[PDB]
Amino acid sequence: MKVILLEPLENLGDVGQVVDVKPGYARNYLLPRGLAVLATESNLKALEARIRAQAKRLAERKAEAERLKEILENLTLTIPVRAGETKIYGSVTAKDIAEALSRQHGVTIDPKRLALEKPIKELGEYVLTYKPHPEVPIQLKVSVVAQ
Amino acid sequence: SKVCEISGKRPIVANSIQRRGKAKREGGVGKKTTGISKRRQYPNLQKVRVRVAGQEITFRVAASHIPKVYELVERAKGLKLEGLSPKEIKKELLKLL
RNA sequence: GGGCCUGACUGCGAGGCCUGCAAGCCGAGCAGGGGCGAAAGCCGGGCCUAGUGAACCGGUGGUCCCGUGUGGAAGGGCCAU
RNA sequence: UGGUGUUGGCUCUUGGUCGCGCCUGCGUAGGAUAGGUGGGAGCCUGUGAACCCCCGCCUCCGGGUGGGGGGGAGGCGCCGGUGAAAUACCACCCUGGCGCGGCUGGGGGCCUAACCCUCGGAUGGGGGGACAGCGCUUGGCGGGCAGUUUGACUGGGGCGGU
RNA sequence: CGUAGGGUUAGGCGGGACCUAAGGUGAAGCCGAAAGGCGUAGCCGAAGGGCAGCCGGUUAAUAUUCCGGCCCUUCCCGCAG
RNA sequence: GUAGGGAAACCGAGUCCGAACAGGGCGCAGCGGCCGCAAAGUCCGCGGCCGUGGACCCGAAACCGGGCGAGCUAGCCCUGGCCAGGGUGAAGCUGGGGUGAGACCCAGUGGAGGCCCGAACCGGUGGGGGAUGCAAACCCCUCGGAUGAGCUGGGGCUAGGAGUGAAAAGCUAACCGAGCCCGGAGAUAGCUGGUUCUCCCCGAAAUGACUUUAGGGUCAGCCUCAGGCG
RNA sequence: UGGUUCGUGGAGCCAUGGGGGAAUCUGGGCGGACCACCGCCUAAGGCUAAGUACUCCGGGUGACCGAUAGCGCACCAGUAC
RNA sequence: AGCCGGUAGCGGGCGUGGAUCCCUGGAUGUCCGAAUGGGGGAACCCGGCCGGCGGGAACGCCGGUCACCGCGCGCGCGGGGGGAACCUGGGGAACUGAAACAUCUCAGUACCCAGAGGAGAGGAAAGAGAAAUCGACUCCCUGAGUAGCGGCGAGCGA
Ligand SMILES: [Mg+2]
Ligand SMILES: [Mg+2]
Ligand SMILES: [Mg+2]
Ligand SMILES: [Mg+2]
Ligand SMILES: [Mg+2]
Ligand SMILES: [Mg+2]
Ligand SMILES: [Mg+2]
Ligand SMILES: [Mg+2]
Ligand SMILES: [Mg+2]
Ligand SMILES: [Mg+2]
Ligand SMILES: [Mg+2]
Ligand SMILES: [Mg+2]
Ligand SMILES: [Mg+2]
Ligand SMILES: [Mg+2]
Ligand SMILES: [Mg+2]
Ligand SMILES: [Mg+2]
Ligand SMILES: [Mg+2]
Ligand SMILES: [Mg+2]
Ligand SMILES: [Mg+2]
Ligand SMILES: [Mg+2]
Ligand SMILES: [Mg+2]
Ligand SMILES: [Mg+2]
Ligand SMILES: [Mg+2]
Ligand SMILES: [Mg+2]
Ligand SMILES: [Mg+2]
Ligand SMILES: [Mg+2]
Ligand SMILES: [Mg+2]
Ligand SMILES: [Mg+2]
Ligand SMILES: [Mg+2]
Ligand SMILES: [Mg+2]
Ligand SMILES: [Mg+2]
Ligand SMILES: [Mg+2]
Ligand SMILES: [Mg+2]
Ligand SMILES: [Mg+2]
Ligand SMILES: [Mg+2]
Ligand SMILES: [Mg+2]
Ligand SMILES: [Mg+2]
Ligand SMILES: [Mg+2]
Ligand SMILES: [Mg+2]
Ligand SMILES: [Mg+2]
Ligand SMILES: [Mg+2]
Ligand SMILES: [Mg+2]
Ligand SMILES: [Mg+2]
Ligand SMILES: [Mg+2]
Ligand SMILES: [Mg+2]
Ligand SMILES: [Mg+2]
Ligand SMILES: [Mg+2]
Ligand SMILES: [Mg+2]
Ligand SMILES: [Mg+2]
Ligand SMILES: [Mg+2]
Ligand SMILES: [Mg+2]
Ligand SMILES: [Mg+2]
Ligand SMILES: [Mg+2]
Ligand SMILES: [Mg+2]
Ligand SMILES: [Mg+2]
Ligand SMILES: [Mg+2]
Ligand SMILES: [Mg+2]
Ligand SMILES: [Mg+2]
Ligand SMILES: [Mg+2]
Ligand SMILES: [Mg+2]
Ligand SMILES: [Mg+2]
Ligand SMILES: [Mg+2]
Ligand SMILES: [Mg+2]
Ligand SMILES: [Mg+2]
Ligand SMILES: [Mg+2]
Ligand SMILES: [Mg+2]
Ligand SMILES: [Mg+2]
Ligand SMILES: [Mg+2]
Ligand SMILES: [Mg+2]
Ligand SMILES: [Mg+2]
Ligand SMILES: [Mg+2]
Ligand SMILES: [Mg+2]
Ligand SMILES: [Mg+2]
Ligand SMILES: [Mg+2]
Ligand SMILES: [Mg+2]
Ligand SMILES: [Mg+2]
Ligand SMILES: [Mg+2]
Ligand SMILES: [Mg+2]
Ligand SMILES: [Mg+2]
Ligand SMILES: [Mg+2]
Ligand SMILES: [Mg+2]
Ligand SMILES: [Mg+2]
Ligand SMILES: [Mg+2]
Ligand SMILES: [Mg+2]
Ligand SMILES: [Mg+2]
Ligand SMILES: [Mg+2]
Ligand SMILES: [Mg+2]
Ligand SMILES: [Mg+2]
Ligand SMILES: [Mg+2]
Ligand SMILES: [Mg+2]
Ligand SMILES: [Mg+2]
Ligand SMILES: [Mg+2]
Ligand SMILES: [Mg+2]
Ligand SMILES: [Mg+2]
Ligand SMILES: [Mg+2]
Ligand SMILES: [Mg+2]
Ligand SMILES: [Mg+2]
Ligand SMILES: [Mg+2]
Ligand SMILES: [Mg+2]
Ligand SMILES: [Mg+2]
Ligand SMILES: [Mg+2]
Ligand SMILES: [Mg+2]
Ligand SMILES: [Mg+2]
Ligand SMILES: [Mg+2]
Ligand SMILES: [Mg+2]
Ligand SMILES: [Mg+2]
Ligand SMILES: [Mg+2]
Ligand SMILES: [Mg+2]
Ligand SMILES: [Mg+2]
Ligand SMILES: [Mg+2]
Ligand SMILES: [Mg+2]
Ligand SMILES: [Mg+2]
Ligand SMILES: [Mg+2]
Ligand SMILES: [Mg+2]
Ligand SMILES: [Mg+2]
Ligand SMILES: [Mg+2]
Ligand SMILES: [Mg+2]
Ligand SMILES: [Mg+2]
Ligand SMILES: [Mg+2]
Ligand SMILES: [Mg+2]
Ligand SMILES: [Mg+2]
Ligand SMILES: [Mg+2]
Ligand SMILES: [Mg+2]
Ligand SMILES: [Mg+2]
Ligand SMILES: [Mg+2]
Ligand SMILES: [Mg+2]
Ligand SMILES: [Mg+2]
Ligand SMILES: [Mg+2]
Ligand SMILES: [Mg+2]
Ligand SMILES: [Mg+2]
Ligand SMILES: [Mg+2]
Ligand SMILES: [Mg+2]
Ligand SMILES: [Mg+2]
Ligand SMILES: [Mg+2]
Ligand SMILES: [Mg+2]
Ligand SMILES: [Mg+2]
Ligand SMILES: [Mg+2]
Ligand SMILES: [Mg+2]
Ligand SMILES: [Mg+2]
Ligand SMILES: [Mg+2]
Ligand SMILES: [Mg+2]
Ligand SMILES: [Mg+2]
Ligand SMILES: [Mg+2]
Ligand SMILES: [Mg+2]
Ligand SMILES: [Mg+2]
Ligand SMILES: [Mg+2]
Ligand SMILES: [Mg+2]
Ligand SMILES: [Mg+2]
Ligand SMILES: [Mg+2]
Ligand SMILES: [Mg+2]
Ligand SMILES: [Mg+2]
Ligand SMILES: [Mg+2]
Ligand SMILES: [Mg+2]
Ligand SMILES: [Mg+2]
Ligand SMILES: [Mg+2]
Ligand SMILES: [Mg+2]
Ligand SMILES: [Mg+2]
Ligand SMILES: [Mg+2]
Ligand SMILES: [Mg+2]
Ligand SMILES: [Mg+2]
Ligand SMILES: [Mg+2]
Ligand SMILES: [Mg+2]
Ligand SMILES: [Mg+2]
Ligand SMILES: [Mg+2]
Ligand SMILES: [Mg+2]
Ligand SMILES: [Mg+2]
Ligand SMILES: [Mg+2]
Ligand SMILES: [Mg+2]
Ligand SMILES: [Mg+2]
Ligand SMILES: [Mg+2]
Ligand SMILES: [Mg+2]
Ligand SMILES: [Mg+2]
Ligand SMILES: [Mg+2]
Ligand SMILES: [Mg+2]
Ligand SMILES: [Mg+2]
Ligand SMILES: [Mg+2]
Ligand SMILES: [Mg+2]
Ligand SMILES: [Mg+2]
Ligand SMILES: [Mg+2]
Ligand SMILES: [Mg+2]
Ligand SMILES: [Mg+2]
Ligand SMILES: [Mg+2]
Ligand SMILES: [Mg+2]
Ligand SMILES: [Mg+2]
Ligand SMILES: [Mg+2]
Ligand SMILES: [Mg+2]
Ligand SMILES: [Mg+2]
Ligand SMILES: [Mg+2]
Ligand SMILES: [Mg+2]
Ligand SMILES: [Mg+2]
Ligand SMILES: [Mg+2]
Ligand SMILES: [Mg+2]
Ligand SMILES: [Mg+2]
Ligand SMILES: [Mg+2]
Ligand SMILES: [Mg+2]
Ligand SMILES: [Mg+2]
Ligand SMILES: [Mg+2]
Ligand SMILES: [Mg+2]
Ligand SMILES: [Mg+2]
Ligand SMILES: [Mg+2]
Ligand SMILES: [Mg+2]
Ligand SMILES: [Mg+2]
Ligand SMILES: [Mg+2]
Ligand SMILES: [Mg+2]
Ligand SMILES: [Mg+2]
Ligand SMILES: [Mg+2]
Ligand SMILES: [Mg+2]
Ligand SMILES: [Mg+2]
Ligand SMILES: [Mg+2]
Ligand SMILES: [Mg+2]
């Protein structure tokens, strides 16, 4: 008897998957405990539409990001800071890089998304990765400069 | 013993025929009927309990239509069934046939 | 008692015995293919009268007759048992 | 009372089987243990040879195969010995056996949720539990009950006889 | 016996507007081809439980029933506590 | 009806068996003067007999269906009631005695019991009577039980292959080895009985064979009618 | 298992109590086991006048009865009993 | 043109201003009965709610209303019970016949039950069955006692 699993189930199968069990098992355990549903045509349709709808919003995020590879990766964020020689008096934070990135070049970003362990404290040419989606890692080139 | 609430299968009467002797097809003289008496063949009725609308509905149904009970439960989702009595749920369920 | 043989025939069968029926019995002759005999001829089991069982159902060998739209097949018929 | 439905989960042990990894085969004769039928005239080796020792495993008592370590540029064919068929190397398939697996049949254990019982309390607890019950089907026991049969002749009938 | 006419008077007797018994019936619920069979509650069900009337007089014919005398029950309303 | 023969294919005044041009089975063939007459055959009427129906009428004992009955009787259930009078005198208890204590013994008291006698009441032993009764089970005399497995009123439940039964196949509404009513139903009856006006002609049989047959049948024999023969 | 003429038969068809269990016209059922060929038909939803049956009722008509007949009842009968 | 039923009588009335009588419609219609407020030994008993009567609160009477089941959003609709035969469906004997009897027969009859209705059933091919055919169903004639079925018996019979 074909049922659609609603959960991962030890050596039976994975959530969303279509497996074959003895009718007894399905009727008197699986179904009553919410763990699965009959592979009817009508709810086979539905599982298909979910697979379909998830796959839309996923490949639609792997596009919202890839497009944000195009806005960045094709610029340099330039940050003037009061500094002397190479060491800065204050510092450039990710929270700063973001609030910078909005003012010039327009793009809004999430500070917290940016891979910056400790606030930058030296002038120079920095390459900082963004990660707005796993698998879609962005290169943000940031020139921290004096005056 | 009795009636399937789903299929309508009822007890039927059948003869029980007792025979003797060797079939012709096996080279025998032929079969002789040594008795015919009436008997009944009952549907294989069993209980299926189902929760529908948080109520426990139970059906007496021939084993062949055990899957038709669950199919009814499915068609039940489109229904405004809560608050009803289990007599009332079963009526709605049944009406879906 | 001996020799050769398989007529302990196949297809029939005039005419009878007996007889409520159904049975039972005897049977010359013709044809086919044979046996014995030089031949005449004899031989369709046994000197004779008991040693038996209708029909139904079924088995087996044969025939190749019927075959449920058609060709087959199933199943039957027919002859023998 | 067998099969099957209602009827499920895990496991162990056995049996069937397919899917793999595999190993496995000892007549005269021929080096050594030659399973078939082809591909085959070459293969292998720092993916470390000839050979030295210890363990496993079947053991025709001759070995075979599987491992560990030195040595670490060597070994077997084709030819021919050769027998029915002959050697390196790659297959497709057997004899038998092993371990993984599927798919299953039989037994054993355990589980719970079908089903049954039960609990002032009940979308729950407890107990039995895939048994029992109940459907269909198999064969059996079965004067508890049912329908019947149980001859004729005859110095009456029976008994005897026929 | 035929025809006619008369005659049976209750808050207190009996039964009902009270209770339950066996049993019956029967929401719930269970079962059964149909008819129908069961079934805790409940309801019904009495010669059991409960409940207030005694004595006398009177009629042709009724009387714990009418009358007389002496007693009593429940319900409604009210007043008082 | 006009074609039959053959299991059939099939052939056809033939056909079947058969090798058969054999043999056989079963089949095939009007009167008068083209006219009329008759006729195969077939339709209708009438009559005899046959088959199927209840089939000439009446009669079972029984079988089956569905109902009606426990106001009789049997058992049980609920709730009530009844059992004169008399007798015997269990346990216990008290006191006395006994003993180490006891058992136990005696007396009084007590009032047990499918105990006794005997009415009511319940029975029905023996005898007599009754016998078209007083009575479809009675009467008289006698006799059993009579605190119990007692008797009894009211209210209930159990029934037909079923109930109920201290068991007799008893009882279940005056006949129970399977209740009664209605139905199947006009069961069946190879048996018994009955079978209705008149005249006229003829006129048997009671045997043989066979028969779950023997007092019933089939055939034959024997009777009768019509047609033909002579 | 039933239905059919079909009683297990060579037993199809229609129906279905049990088990198993599809497909959507290149689908399916059928033409008497089965197979092929050739055909017929479209299952698993429902309705549908009329032509047909009957006679409590009304009427018409009898080679039907005529009070033991004709209905059980001509009548106060499903009565008395 | 008579009339106040059978039904005369006593004792009274009515009718050509159209009676009695006949037909149609309507009104009234105690109680019981499916019986339905509840009970019950049918034709009796006992209630709730609203309204009314009486002096009326007790008590009693009058009118209205109150069973259960099904279907549809408490309210609507419907059901229930009867009917001589006929009809369908669900169940379903036996005597008897087989000159015994079991299969078979009787017979899917008798009968019980449910359901309908003036009829009911069936009905518009997943048919027939051999015709290159027919064209729903029902009913009559015929096909035919054929085909077949059958302890290949008795019989049964498309
Ligand atoms: Mg059987
Ligand atoms: Mg056979
Ligand atoms: Mg054969
Ligand atoms: Mg037979
Ligand atoms: Mg279940
Ligand atoms: Mg099934
Ligand atoms: Mg199934
Ligand atoms: Mg010679
Ligand atoms: Mg002769
Ligand atoms: Mg003769
Ligand atoms: Mg010669
Ligand atoms: Mg010769
Ligand atoms: Mg010679
Ligand atoms: Mg001769
Ligand atoms: Mg001799
Ligand atoms: Mg002899
Ligand atoms: Mg016979
Ligand atoms: Mg015979
Ligand atoms: Mg034969
Ligand atoms: Mg054919
Ligand atoms: Mg042929
Ligand atoms: Mg055919
Ligand atoms: Mg061919
Ligand atoms: Mg041919
Ligand atoms: Mg062949
Ligand atoms: Mg043959
Ligand atoms: Mg043959
Ligand atoms: Mg022969
Ligand atoms: Mg011959
Ligand atoms: Mg069994
Ligand atoms: Mg099982
Ligand atoms: Mg356990
Ligand atoms: Mg447990
Ligand atoms: Mg449990
Ligand atoms: Mg346990
Ligand atoms: Mg089991
Ligand atoms: Mg069950
Ligand atoms: Mg089986
Ligand atoms: Mg059996
Ligand atoms: Mg017996
Ligand atoms: Mg026996
Ligand atoms: Mg009989
Ligand atoms: Mg015998
Ligand atoms: Mg006998
Ligand atoms: Mg006897
Ligand atoms: Mg005998
Ligand atoms: Mg005798
Ligand atoms: Mg004698
Ligand atoms: Mg005699
Ligand atoms: Mg004699
Ligand atoms: Mg004598
Ligand atoms: Mg004598
Ligand atoms: Mg004898
Ligand atoms: Mg003798
Ligand atoms: Mg008088
Ligand atoms: Mg008074
Ligand atoms: Mg009183
Ligand atoms: Mg009152
Ligand atoms: Mg009362
Ligand atoms: Mg009460
Ligand atoms: Mg009851
Ligand atoms: Mg009760
Ligand atoms: Mg009360
Ligand atoms: Mg009382
Ligand atoms: Mg009292
Ligand atoms: Mg009182
Ligand atoms: Mg007083
Ligand atoms: Mg008096
Ligand atoms: Mg008086
Ligand atoms: Mg007074
Ligand atoms: Mg006060
Ligand atoms: Mg001839
Ligand atoms: Mg001739
Ligand atoms: Mg003529
Ligand atoms: Mg005759
Ligand atoms: Mg008749
Ligand atoms: Mg007659
Ligand atoms: Mg006659
Ligand atoms: Mg009679
Ligand atoms: Mg009798
Ligand atoms: Mg009998
Ligand atoms: Mg009997
Ligand atoms: Mg009876
Ligand atoms: Mg009865
Ligand atoms: Mg009594
Ligand atoms: Mg009594
Ligand atoms: Mg008492
Ligand atoms: Mg008493
Ligand atoms: Mg006494
Ligand atoms: Mg006394
Ligand atoms: Mg006394
Ligand atoms: Mg004392
Ligand atoms: Mg003392
Ligand atoms: Mg004493
Ligand atoms: Mg005493
Ligand atoms: Mg005394
Ligand atoms: Mg005594
Ligand atoms: Mg005594
Ligand atoms: Mg006395
Ligand atoms: Mg007294
Ligand atoms: Mg007595
Ligand atoms: Mg006496
Ligand atoms: Mg005496
Ligand atoms: Mg006496
Ligand atoms: Mg006497
Ligand atoms: Mg006397
Ligand atoms: Mg007497
Ligand atoms: Mg006396
Ligand atoms: Mg005395
Ligand atoms: Mg006495
Ligand atoms: Mg005495
Ligand atoms: Mg006594
Ligand atoms: Mg006494
Ligand atoms: Mg006494
Ligand atoms: Mg006594
Ligand atoms: Mg007593
Ligand atoms: Mg009593
Ligand atoms: Mg009584
Ligand atoms: Mg009593
Ligand atoms: Mg009883
Ligand atoms: Mg009873
Ligand atoms: Mg009764
Ligand atoms: Mg009886
Ligand atoms: Mg008996
Ligand atoms: Mg009987
Ligand atoms: Mg009994
Ligand atoms: Mg007794
Ligand atoms: Mg006896
Ligand atoms: Mg009686
Ligand atoms: Mg009696
Ligand atoms: Mg009897
Ligand atoms: Mg009686
Ligand atoms: Mg009746
Ligand atoms: Mg009859
Ligand atoms: Mg009759
Ligand atoms: Mg008889
Ligand atoms: Mg006569
Ligand atoms: Mg004479
Ligand atoms: Mg004689
Ligand atoms: Mg004789
Ligand atoms: Mg003889
Ligand atoms: Mg004979
Ligand atoms: Mg006789
Ligand atoms: Mg004769
Ligand atoms: Mg003569
Ligand atoms: Mg003459
Ligand atoms: Mg079948
Ligand atoms: Mg049949
Ligand atoms: Mg046959
Ligand atoms: Mg068939
Ligand atoms: Mg089925
Ligand atoms: Mg097609
Ligand atoms: Mg297909
Ligand atoms: Mg089909
Ligand atoms: Mg088929
Ligand atoms: Mg076919
Ligand atoms: Mg067809
Ligand atoms: Mg067709
Ligand atoms: Mg219809
Ligand atoms: Mg029309
Ligand atoms: Mg019509
Ligand atoms: Mg008519
Ligand atoms: Mg009339
Ligand atoms: Mg006249
Ligand atoms: Mg008269
Ligand atoms: Mg009369
Ligand atoms: Mg007269
Ligand atoms: Mg009349
Ligand atoms: Mg009369
Ligand atoms: Mg009268
Ligand atoms: Mg008058
Ligand atoms: Mg006058
Ligand atoms: Mg006058
Ligand atoms: Mg006028
Ligand atoms: Mg009117
Ligand atoms: Mg009134
Ligand atoms: Mg009424
Ligand atoms: Mg009422
Ligand atoms: Mg009522
Ligand atoms: Mg009021
Ligand atoms: Mg007043
Ligand atoms: Mg008032
Ligand atoms: Mg008033
Ligand atoms: Mg009122
Ligand atoms: Mg009222
Ligand atoms: Mg009804
Ligand atoms: Mg009706
Ligand atoms: Mg029927
Ligand atoms: Mg039905
Ligand atoms: Mg039936
Ligand atoms: Mg019927
Ligand atoms: Mg029966
Ligand atoms: Mg019979
Ligand atoms: Mg009869
Ligand atoms: Mg007959
Ligand atoms: Mg007989
Ligand atoms: Mg007979
Ligand atoms: Mg007999
Ligand atoms: Mg019989
Ligand atoms: Mg008959
Ligand atoms: Mg029949
Ligand atoms: Mg009838
Ligand atoms: Mg009706
Ligand atoms: Mg009509
Ligand atoms: Mg119609
Ligand atoms: Mg209709
Ligand atoms: Mg259509
Ligand atoms: Mg014809
Ligand atoms: Mg025959
Ligand atoms: Mg028949």
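Given the structure, is A:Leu77 within 17 Å of A:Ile138 (Cα to Cα) and in a strand (DSSP E or B)? Against the criterion (within 17 Å of A:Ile138 (Cα to Cα) and in a strand (DSSP E or B)), A:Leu77 qualifies.
Taking the numbered list (1) within 30 Å of B:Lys87 (Cβ to Cβ); (2) in contact (Cβ under 8 Å) with a residue 24 or more places away in the chain in turn, B:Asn44 passes all entries but (2).
Looking at segment A:110-118, is at least one residue surrounded by fewer than 14 Cβ atoms within 10 Å (Cβ to Cβ) and among the hydrophobic types (A, V, I, L, M, F, W, C)? Within segment A:110-118 (the criterion being surrounded by fewer than 14 Cβ atoms within 10 Å (Cβ to Cβ) and among the hydrophobic types (A, V, I, L, M, F, W, C)), the answer is yes, since at least one residue qualifies. Return the only residue of B:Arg40, B:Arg19, B:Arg25 being of a type in the set (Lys, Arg), within 16 Å of RNA strand C (Cβ to nearest atom) and assigned to a strand (DSSP E or B). The unique qualifying residue is B:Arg19.
One line per residue, one yes/no per condition, for (1) away from every other protein chain (no Cβ under 14 Å); (2) within 28 Å of A:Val3 (Cα to Cα); (3) within 16 Å of ligand 1 (Cβ to nearest atom):
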residue	(1), (2), (3)
B:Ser7	yes, yes, no
B:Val13	yes, no, yes
B:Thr33	yes, no, yes
B:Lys47	no, yes, no
B:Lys68	no, yes, no
B:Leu72	no, yes, no
B:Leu79	yes, yes, no
B:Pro86	yes, yes, no
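Within segment B:66-86, the only residue that satisfies the criterion of being in a helix (DSSP H, G or I) and out of contact with any strand residue (DSSP E or B) (no Cβ under 9 Å at 6 or more places or on another chain) is B:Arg75. In segment A:1-64, counting only strands (runs of 3 or more DSSP E) that sit wholly within it, none holds 3 or more residues that are closer than 30 Å to A:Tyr130 by Cβ.
Laboratory data are not the source of any read-out in this text; all were calculated from the coordinates shown. Don't worry about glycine lacking a Cβ; one is built from the backbone with ideal geometry, like all the others, and counts go over all protein chains shown.
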